[PDB]
A.B. asks: 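Below is a structure I'd like to ask you about.
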Amino acid sequence: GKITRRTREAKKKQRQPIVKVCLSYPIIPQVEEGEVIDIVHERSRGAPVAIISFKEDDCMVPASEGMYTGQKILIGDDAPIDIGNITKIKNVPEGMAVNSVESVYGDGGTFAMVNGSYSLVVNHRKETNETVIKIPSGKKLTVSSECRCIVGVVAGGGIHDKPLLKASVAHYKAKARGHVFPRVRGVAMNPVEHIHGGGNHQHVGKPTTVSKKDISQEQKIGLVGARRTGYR
Amino acid sequence: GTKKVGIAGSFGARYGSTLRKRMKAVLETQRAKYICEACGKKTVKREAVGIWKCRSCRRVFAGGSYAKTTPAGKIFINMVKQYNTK
RNA sequence: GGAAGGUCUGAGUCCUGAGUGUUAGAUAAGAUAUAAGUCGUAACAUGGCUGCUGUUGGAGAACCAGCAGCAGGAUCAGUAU
RNA sequence: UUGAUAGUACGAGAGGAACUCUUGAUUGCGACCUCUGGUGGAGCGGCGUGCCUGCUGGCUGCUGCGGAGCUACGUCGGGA
RNA sequence: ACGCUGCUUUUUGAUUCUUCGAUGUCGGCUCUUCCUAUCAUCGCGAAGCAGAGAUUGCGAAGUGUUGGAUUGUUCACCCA
RNA sequence: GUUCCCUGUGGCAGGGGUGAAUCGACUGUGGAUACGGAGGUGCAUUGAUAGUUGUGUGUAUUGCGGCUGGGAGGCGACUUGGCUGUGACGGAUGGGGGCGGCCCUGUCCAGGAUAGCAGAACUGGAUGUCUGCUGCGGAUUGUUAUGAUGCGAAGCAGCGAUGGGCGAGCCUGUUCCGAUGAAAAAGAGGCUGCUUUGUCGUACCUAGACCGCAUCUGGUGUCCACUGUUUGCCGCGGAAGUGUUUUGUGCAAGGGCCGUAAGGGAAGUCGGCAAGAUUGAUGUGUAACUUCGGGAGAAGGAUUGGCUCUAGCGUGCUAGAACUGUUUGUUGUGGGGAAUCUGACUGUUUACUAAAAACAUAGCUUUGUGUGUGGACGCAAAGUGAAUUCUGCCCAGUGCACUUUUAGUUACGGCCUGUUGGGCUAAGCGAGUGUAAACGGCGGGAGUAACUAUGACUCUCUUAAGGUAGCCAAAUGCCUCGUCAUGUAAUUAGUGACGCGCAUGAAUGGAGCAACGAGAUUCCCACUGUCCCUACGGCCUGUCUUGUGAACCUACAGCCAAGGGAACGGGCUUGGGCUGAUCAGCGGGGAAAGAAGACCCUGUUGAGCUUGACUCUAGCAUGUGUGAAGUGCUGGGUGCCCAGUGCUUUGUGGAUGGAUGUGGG
RNA sequence: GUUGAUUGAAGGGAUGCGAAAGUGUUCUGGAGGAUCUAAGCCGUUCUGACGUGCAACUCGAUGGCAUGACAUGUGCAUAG
Ligand SMILES: [Zn+2]
């Protein structure tokens with residue numbers, strides 16, 4: 001055989017990468033006052049980015065829905081509750097939506113940083129200083145009560161409300177983001193390139209669930225380690 | 001004008017009728033004009049996804065992809081605003 | 001009108017387009033009167049799971065099940081420290 | 001193949017021929033251009049586009065008729 | 001009828017003698033020539049041949065044997 | 001890479017020619033002769049060079065001097081020797097205004113042709129304002145279009161900026177994107193005088209000066225280029241500039257590219273292949289169906305020149321009338337209609353025999369993953385292929401997942417016990433449960449309704465479950481040219497209907513055709529040399545002359561009948577024969593030429609690809625040896641060895657030896 | 001780098017109907033992987049020419065596409 005498409009698309013990307021800018025906020029224990037100086041678009045992202053200026057430091061963060069240029073926000077551990085306002089996660093009531101939550105007290109942000117997402121604060125277990133939160137995927141996770149966050153949802157709304165509708169729109173999206181476009185189906189190739197192969201009719205020819213444990217790398221194509229298949 | 005098709009009349013008869021109704025709904029709120037809150041004039045338009053700007057006084061704010069506010073943004077903007085009063 | 005011709009009225013021929021009737025057709029869904037029947041028993045008694053109206057799924061067939069409503073019901077009604 | 005032979009011979013009837021004479025054709029073969037048809041970058045006319053300053057006269061494009069010659073859809077020709 | 005004896009080389013088999021340092025492999029269209037086991041035209045017998053229409057046999061290969069619908073078809077099957 | 005100029009000569013030989021502050025590069029950026037960037041324009045000059053030589057005027061720069069100022073004005077916008085700005089950024093489209101060129105027009109000075117006539121022609125040259133901002137003012141105002149305005153309209157006064165008609169840069173708006181349109185070098189500045197400006201390239205050729213073996217009908221980045229007709233920078237014709245010869249014939253048959261045809265009108269053919277036919281503009285008139293947008297330029301009918309006038313306002317377009325000809329006017333520009341199969345649509349493909357029903361696509365569904373610079377509206381792997389309407393039943397086999405906290409099976413090393421055995425300590429396999437938009441699968445036999453016929457109903461064998469909704473002799477039906485109807489004079493074709501369907505059937509996707517198609521099929525109108533059946537004509541070839549002058553192929557050769565022969569002889573045996581040596585034709589034979597048959601078989605000859613072939617292997621999983629010191633804690637058996645295990649700082653995280661399992665990558 | 005035309009979506013103006021809710025007509029504007037044509041680019045058919053060729057893939061007529069999921073010079077990255 002020859003080497004399959006999955007493995008070559010991985011090698012092309014170490015030669016010529018897609019790069020995003022790494023948003024994060026700094027450490028400031030005393031309550032300061034910031035200044036949104038600009039909100040801007042970025043290639044390969046869907047969310048707009050805000051430029052906020054402190055007394056001796058500037059930062060780039062995901063803008064929340066409800067920000068505007070020239071607005072003042074506060075940073076510090078004991079800061080008041082309002083859209084924006086980087087503050088510590090024990091000063092936040094239950095049922096409130098936050099974004100860009102860190103996990104180690106000083107790493108910037110880790111959770112909920114894409115277009116239109118947030119995490120939920122569910123419980124404050126005041127003994128042991130633990131906070132249960134819900135992250136965007138649904139998993140529940142206890143963090144310390146000293147990690148910081150941002151109040152509100154990320155801007156950029158529901159981007160899937162509008163269909164792509166046309167070939168050229170999927171062409172411009174994959175140029176900016178790096179998806180495989182177009183995709184030739186594996187059953188339409190010759191056997192030399194794909195485990196799905198030739199044959200006098202187009203058909204896979206054997207089970208499409210494959211293992212995730214113990215088999216050769218380059219055999220893991222299809223539905224890898226699937227617990228269940230079917231419509232519902 | 002057109003009876004049922006509106007701003008989706010640029011598509012002729014392509015793509016199917018269910019998909020042309022999704023285009024018509026999101027295209028009306030995306031290309032409309034909104035009143036500014038700082039100056040009070042009707043001059044807000046969309047620049048890119050999530051960026052709405054006023055042509056007079058130049059102020060920029062952040063919202064939804066195709067609408068100026070989103071249904072889950074309104075819900076949490078109130079909670080922060082009731083929490084401060086009470 | 002000197003004539004070649006011009007003008008008005010206009011049948012008929014040749015072609016296209018609506019209408020309003022009437023009719024043939026392989027196949028094929030109903031209705032009704034019969035015979036002589038075959039399979040069951042849905043309704044009428046609390047008719048052996050009370051019955052009926054709308055709606056949505058299912059079964060050889062009557063019909064069966066879910067959600068709300070009606071008595072044309074099997075109740076004009078029953079002891080508060 | 002037409003007319004005559006003949007509604008005759010033959011036959012209860014119904015039906016129904018031949019030798020000899022006579023009229024036209026179909027197809028093959030070999031010629032011919034008087035007539036009719038086709039063609040005719042020979043010739044004459046009509047209507048145009050550009051160019052010679054315009055009219056006259058030219059050159060260039062499309063069109064009607066179209067002699068001679070060639071031809072067929074036209075004309076001629078079979079042992080006792 | 002039941003049995004028995006032949007001929008042709010147009011069918012399809014049987015065989016493997018020639019050709020694998022290559023003999024262009026189906027049908028149609030076009031064009032020529034040969035055979036007779038004669039379909040028509042010419043001559044002549046038989047009859048369960050009255051006439052008419054056909055049926056069966058002998059001499060005879062000079063001349064003729066068409067136009068279409070459906071199928072790639074050979075073949076087949078209908079119309080004139 | 002000297003091909004450029006001059007001289008001599010029958011192509012060579014000899015001697016000449018390329019001049020730079022103000023052209024390009026040597027300098028910027030992870031890149032560069034097209035991106036960024038200190039600096040110019042006229043006129044004249046050689047045999048051959050010129051933004052380079054000479055000259056009129058300007059701009060920058062190297063260095064060296066001399067003199068001189070740190071404030072005046074304006075309510076304000078701003079004026080002045082009086083710093084900290086730029087470089088620096090996409091597509092489409094409207095309005096205003098135009099470099100050069102071209103056209104119409106008044107006047108003046110000249111040019112070329114002419115038999116005759118021409119209100120005096122034709123040609124050349126020269127001349128012929130508001131995007132914005134401030135003060136007062138105090139409510140209206142404007143566009144082709146969207147508008148502007150008590151967050152201060154119009155108006156008045158200022159500041160700043162800058163002959164007529166057909167538009168390039170330029171000014172000013174609107175719009176489009178899950179696409180929003182590089183980076184770095186390079187800032188300072190007044191009036192004057194002298195002085196400086198390094199290195200390398202520069203001749204000639206856009207195809208007869210390049211590549212394709214060549215003076216080859218092929219290929220090769222960018223810029224400029226007039227006019228009549230016209231919507232048209234196309235087609236059909238003209239300028240400017242550029243290229244070009246002067247003693248071959250005159251035209252048989254057969255070819256290559258074209259023109260015209262009586263009467264018939266697809267009878268031709270596998271098949272309307274080829275040709276003919278429609279064609280611009282403006283009134284009129286437009287169906288079924290349909291995703292309501294379309295279908296649609298549907299279909300069908302009519303008008304059109306020249307001349308002389310009228311009407312409108314926006315002055316070149318639009319509308320109306322009379323007259324006239326040998327009846328005729330677009331001297332260009334889509335054939336249409338009725339059905340079936342198939343792919344939704346615009347797109348892409350086998351450079352050199354396949355353009356498609358193949359591939360892509362939006363939409364729809366499933367799977368994995370809490371972190372990569374990227375943080376689940378994310379990133380990656382598969383199938384189906386727009387919308388609409390649907391997507392049934394089967395977990396027994398194979399695959400995948402979880403669990404083994406209630407069987408078995410199983411390796412190094414360590415520990416235990418014993419005379420060289422036995423115990424204890426893994427994952428995997430096995431077992432249990434779940435999963436079909438995973439791979440796939442989806443039955444026989446007997447009776448039974450008052451004529452026959454059939455079987456709602458019953459018994460029976462049997463499966464993991466027995467093919468559901470729909471659809472069909474369909475690109476899927478062997479038998480088969482199935483059976484009935486319809487179109488023809490005549491139907492192995494087409495369409496409609498029927499269904500025990502060799503072997504239809506549900507994201508292996510089923511049913512379904514609005515819109516789109518150089519896709520596959522059948523019929524109708526129109527039209528014709530496709531044919532009946534061919535004729536005549538044009539130009540280039542061929543035929544004939546002069547010059548230049550190949551190749552393939554060749555045992556030896558070259559008339560027939562029969563015979564025998566390795567079973568189809570030019571030559572052998574027995575018979576029959578044209579014609580003494582030319583020229584043009586032609587396709588019967590030479591089992592004609594080309595190519596050590598690709599089909600087929602054999603060889604103990606290969607290679608591409610697959611897997612349930614044999615033997616192995618990268619990677620991955622899981623125990624275990626090596627590695628760093630000190631301490632506490634809970635549990636096992638007999639004092640014991642081990643498990644997890646927290647803590648302390650003072651090793652470190654980079655690795656490395658062997659064992660078992662898995663492994664068409 | 002990319003000519004000249006055709007069709008006429010949203011938004012905006014005017015005018016008519018109606019008790020109201022609502023709706024008719026017509027201008028303006030200039031959307032869309034919307035329809036032709038040019039510079040040009042491809043390669044459907046003639047199974048046309050040619051087939052020791054102009055040519056180791058060309059020539060003629062006919063046809064398809066021409067604002068893009070385009071075409072093209074040059075710096076860099078990918079190698080059996
Ligand atoms: Zn504003």
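Values reported hereafter were calculated over all heavy atoms of this structure, with side chains retained and with hydrogens, waters and symmetry mates removed. Chain naming here is simple, since letters A, B, ... match the order of the sequence lines and numbering starts at 1 in each.
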A.B. asks: Check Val101(A) against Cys149(A) and note the closest heavy-atom contact, atom names and distance.
C.D. replies: CG2-CB, 3.8 Å
A.B. asks: Might you point out which heavy atoms bring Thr43(B) and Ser56(B) nearest each other, and give the distance in Å?
C.D. replies: OG1-OG, 3.5 Å
A.B. asks: CD of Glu56(A): more than 12 outside heavy atoms within 6.0 angstrom?
C.D. replies: no
A.B. asks: Are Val153(A) and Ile135(A) connected into the same hydrophobic cluster when the rule is that any two of I, L, V, M, F, W, Y join if their side-chain heavy atoms are below 4.5 Å apart?
C.D. replies: yes
A.B. asks: Would you give the length of the straight line joining atom OG1 of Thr7(A) to atom CD of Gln217(A), rounded to the nearest 0.5 angstrom?
C.D. replies: 7.0 Å
A.B. asks: Identify the two heavy atoms, one from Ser53(A) and one from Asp58(A), that lie closest to each other, and give their separation to 0.1 Å.
C.D. replies: OG-OD1, 2.7 Å
A.B. asks: Do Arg125(A) and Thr142(A) come close enough that some side-chain heavy atom pair is under 4.5 Å?
C.D. replies: yes
A.B. asks: Should we say atom NZ of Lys72(A) is surrounded by more than 12 heavy atoms from elsewhere, each under 6.0 Å from it?
C.D. replies: yes
A.B. asks: Flag yes if more than 12 heavy atoms outside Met60(A) fall under 6.0 Å of its CE atom; otherwise flag no.
C.D. replies: no
A.B. asks: What I'd like to find out is whether the side chain of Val192(A) reaches to under 4.5 Å of the side chain of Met189(A), using heavy atoms alone.
C.D. replies: no
A.B. asks: Using every non-hydrogen atom in the two residues, find where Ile89(A) and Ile133(A) come nearest and quote the distance to one decimal.
C.D. replies: CD1-CG2, 4.3 Å
A.B. asks: Ignoring hydrogens and angles, state whether a donor on the side chain of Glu218(A) or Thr4(A) is under 3.5 Å from an acceptor on the partner side chain.
C.D. replies: no
A.B. asks: Got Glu65(A) and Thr69(B) here, is their nearest side-chain heavy-atom distance under 4.5 Å?
C.D. replies: yes
A.B. asks: Give a yes or no on whether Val121(A) and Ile81(A) share a hydrophobic cluster (residues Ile, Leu, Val, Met, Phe, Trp, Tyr; joining criterion: side-chain heavy atoms under 4.5 Å apart).
C.D. replies: yes
A.B. asks: Of the non-hydrogen atoms in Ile83(A) and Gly152(A), which two are nearest, and what is the gap between them?
C.D. replies: CD1-CA, 4.3 Å
A.B. asks: Following the transitive rule for hydrophobic clusters with a side-chain heavy-atom cut-off under 4.5 Å over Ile, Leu, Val, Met, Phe, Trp and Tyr, establish whether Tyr118(A) and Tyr83(B) coincide in one cluster.
C.D. replies: yes
A.B. asks: Between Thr2(B) and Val5(B), is there a donor-acceptor pair closer than 3.5 Å when you use the side chain of the first and the backbone of the second?
C.D. replies: yes
A.B. asks: Is there a path from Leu120(A) to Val98(A) through hydrophobic residues (I, L, V, M, F, W, Y) whose side chains come within less than 4.5 Å of each other?
C.D. replies: yes
A.B. asks: Find the distance between CE (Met67(A)) and CD1 (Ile150(A)) and round it off to the nearest 0.5 Å.
C.D. replies: 6.0 Å
A.B. asks: Indicate whether the side chain of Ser211(A) and that of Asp214(A) have a donor and an acceptor atom separated by less than 3.5 Å.
C.D. replies: no
A.B. asks: What pairs with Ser44(A) under side chain to side chain contact (heavy atoms under 4.5 Å, CB included), at least two apart in sequence or on another chain?
C.D. replies: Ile18(A), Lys20(A)
A.B. asks: Do you know which of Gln202(A), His194(A), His196(A) makes side-chain hydrogen bond (donor to acceptor under 3.5 Å, both in side chains) with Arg185(A)?
C.D. replies: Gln202(A)
A.B. asks: Let me see the working for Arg45(A) and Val21(A) under side-chain contact (heavy atoms from CB on, under 4.5 Å), right down to the final yes or no.
C.D. replies: CA-CA 10 Å; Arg45(A) 285 198 141 97; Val21(A) 78; 3.6 Å; yes
A.B. asks: Please check: side-chain N/O of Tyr25(A) versus main-chain N/O of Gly108(A), any donor-acceptor pairing under 3.5 Å?
C.D. replies: yes
A.B. asks: Supply the atom-to-atom distance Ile86(A) CD1 to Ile73(A) CD1, rounded to the nearest 0.5 angstrom.
C.D. replies: 4.0 Å
A.B. asks: Could you tell me whether the side chain of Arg5(A) and the main chain of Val180(A) form a donor-acceptor pair under 3.5 Å?
C.D. replies: no
A.B. asks: Within a strict 4.5 Å, meaning less than it, do heavy atoms of the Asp161(A) and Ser65(B) side chains meet?
C.D. replies: no
A.B. asks: Evaluate the criterion side-chain contact (heavy atoms from CB on, under 4.5 Å) for residue pair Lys140(A) and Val122(A); output intermediate values, then yes/no.
C.D. replies: CA-CA 9 Å; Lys140(A) 286 183 181 176; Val122(A) 305; 5.6 Å; no
A.B. asks: Under 6.0 Å from the CZ atom of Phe111(A), do we count more than 12 heavy atoms belonging to anything else shown?
C.D. replies: yes
A.B. asks: Does a side-chain heavy-atom distance below 4.5 Å link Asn91(A) with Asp78(A)?
C.D. replies: yes
A.B. asks: What's the verdict on side-chain contact (heavy atoms from CB on, under 4.5 Å) for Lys90(A) and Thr131(A), showing C-alpha distance, side-chain angles and the deciding distance?
C.D. replies: CA-CA 8 Å; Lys90(A) 73 187 294 179; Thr131(A) 311; 5.6 Å; no
A.B. asks: Out of curiosity, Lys24(B) NZ to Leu19(B) CG, how far, rounded to the nearest 0.5 Å?
C.D. replies: 15.0 Å
A.B. asks: Starting at CZ of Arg227(A), measure out to OG1 of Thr209(A) and round the result to the nearest 0.5 Å.
C.D. replies: 13.0 Å
A.B. asks: Okay, side chain of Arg20(B), backbone of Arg14(B): is any donor-acceptor separation there less than 3.5 Å?
C.D. replies: yes
A.B. asks: Counting only heavy atoms from other residues, nucleotides and ligands, does the tally under 6.0 Å from NZ of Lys134(A) exceed 12?
C.D. replies: no
A.B. asks: Do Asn123(A) side-chain atoms and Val132(A) backbone N/O form a donor-acceptor pair below 3.5 Å?
C.D. replies: no
A.B. asks: With a 4.5 Å heavy-atom cut-off, do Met23(B) and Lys162(A) have their side chains touching?
C.D. replies: yes
A.B. asks: Show the nearest heavy-atom pair for residues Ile27(A) and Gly106(A), with the distance to one decimal.
C.D. replies: CD1-CA, 4.0 Å
A.B. asks: How long is the straight-line distance from CD1 of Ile52(A) back to CD of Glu33(A), given to the nearest 0.5 Å?
C.D. replies: 12.5 Å
A.B. asks: Treat each ILVMFWY residue as a node, draw an edge where side-chain heavy atoms are under 4.5 Å apart, and state whether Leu23(A) and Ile51(B) are in one component.
C.D. replies: no
A.B. asks: Sub-3.5 Å donor-acceptor pair from the side chain of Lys74(B) to the main-chain atoms of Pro71(B), do we have one?
C.D. replies: yes
A.B. asks: Taking the side chain as everything from C-beta on, heavy atoms only, tell me whether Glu146(A) gets closer than 4.5 Å to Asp77(A).
C.D. replies: no
A.B. asks: Excluding sequence neighbours, so at least two apart, what forms side chain to side chain contact (heavy atoms under 4.5 Å, CB included) with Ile75(B)?
C.D. replies: none
A.B. asks: Each residue besides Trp52(B) in its hydrophobic cluster should be listed here, by chain and number; the cluster joins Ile, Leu, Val, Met, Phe, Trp and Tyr at side-chain heavy-atom distances under 4.5 Å.
C.D. replies: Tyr68(A), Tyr34(B), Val44(B), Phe61(B)
A.B. asks: Crowded around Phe181(A) CZ? As in, over 12 foreign heavy atoms under 6.0 Å?
C.D. replies: yes
A.B. asks: If you count the non-hydrogen atoms of other residues, nucleotides and ligands that lie under 6.0 Å from CD in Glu37(B), is the total more than 12?
C.D. replies: no
A.B. asks: Do the side chains of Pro163(A) and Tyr15(B) get nearer than 4.5 Å, heavy atoms only?
C.D. replies: no
A.B. asks: Test your reading of the model: is there a side-chain donor-acceptor pair from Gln16(A) to the backbone of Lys12(A), 3.5 Å cut-off?
C.D. replies: no
